[PDB]
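Heads up, the chain below is alone and in the form deposited without the named molecule; it's given as structure tokens.
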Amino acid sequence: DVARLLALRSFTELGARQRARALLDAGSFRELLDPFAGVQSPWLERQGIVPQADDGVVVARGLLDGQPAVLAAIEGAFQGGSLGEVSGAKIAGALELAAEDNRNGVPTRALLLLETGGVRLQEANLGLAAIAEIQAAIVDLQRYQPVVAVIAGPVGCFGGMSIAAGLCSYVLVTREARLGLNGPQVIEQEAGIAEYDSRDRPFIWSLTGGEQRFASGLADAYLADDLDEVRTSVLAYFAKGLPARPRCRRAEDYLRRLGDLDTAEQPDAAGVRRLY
């Protein structure tokens, strides 16, 4: 089956713009604030850092199965996908317009492709402020339409935007996805090598990888790194509409299971799957 192996169409291979063009209905892709608009970071140059013209986020309108849609995709290759003033505002602003579409009869859905290492330090407080607006906009929009967050790798999703991911109606992941609040190196240097070893990649993936997140119910779907399969899963979850009982509204249940936990010793992947 060389033919199959020669025909692999990986989703994680694609850049952000490529991922966005692929997931939207063929022909429907239309980018807002595209690189020729020149709307880049106003902060990076004075700091000696070369800007990207779309500031590392692709925002496109289009269709998802005939239906009105907007898609924001973070380019993990620029600044490690860490969000700045402009990139943050592009995502938040788009989510905001989608909610407003819905209040005017138009059932616009948002797709979020989250390749991001959190907040951008050179624009720190503007990146964090934007993430707050991103989060607000997700909650607003999800009174009308579920937001699907796709986490595929290689960067995965960390920091403020992992919290944003937790807000989403549906979180779809690959095996190569990591979804976590703090990055491994930071936990190591805050809590010690004993707490967390940043060089142990199999350990890291065992706790924060896509496979584990899905198995522990912190993710809703576990997809092959395959373009067709990812679009198919995306289209299916939008078609489900809003979940009856999303993760976020289950504070009572999480707080109760967390109570039953003996926290004296460090849990492992298996324990977490058991606890939930």
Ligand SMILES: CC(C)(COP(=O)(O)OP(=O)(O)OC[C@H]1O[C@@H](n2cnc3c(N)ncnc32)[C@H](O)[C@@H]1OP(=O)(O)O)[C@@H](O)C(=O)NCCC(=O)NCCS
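Numbering starts at 1 and runs along the sequence shown.
Another form exists, solved in complex with the named molecule; not displayed. Remarks below refer to it.
Asks: If the cut-off is 4.5 angstroms on heavy atoms, which of these, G93, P146, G153, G117, is the one near the named molecule in the deposited complex?
Replies: Comparing distances to the named molecule in the deposited complex, the residue within 4.5 Å is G117.
Asks: Counting only non-hydrogen atoms and a 4.5 angstroms cut-off, does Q189 reach the named molecule in the deposited complex?
Replies: No, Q189 stays farther than 4.5 Å from the named molecule in the deposited complex.
Asks: Verify the contact flag for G166: yes if a non-hydrogen atom of it lies within 4.5 Å of a non-hydrogen atom of the named molecule in the deposited complex, no if not.
Replies: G166 lies outside the contact set for the named molecule.
Asks: Does the 4.5 Å heavy atom contact test between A194 and the named molecule in the deposited complex come out positive?
Replies: Close contact is absent here: in the deposited complex, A194 is far from the named molecule, nothing within 4.5 Å, heavy atoms only.
Asks: Taking the named molecule as it sits in the deposited complex, is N182 near enough to touch it, meaning that at least one heavy atom pair lies within 4.5 angstroms?
Replies: Output for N182 is yes: heavy atoms within 4.5 Å of the named molecule.
Asks: So, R175, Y222 and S233: all three within 4.5 Å of the named molecule in the deposited complex by heavy atoms, or not?
Replies: No, none of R175, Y222 and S233 comes within 4.5 Å of the named molecule in the deposited complex.
Asks: Among the candidate stretches 72 to 80, 95 to 103, 167 to 175, 137 to 145, which one is within 4.5 Å of the named molecule in the deposited complex when only heavy atoms are counted?
Replies: Residues of 72 to 80 come within 4.5 Å of the partner.
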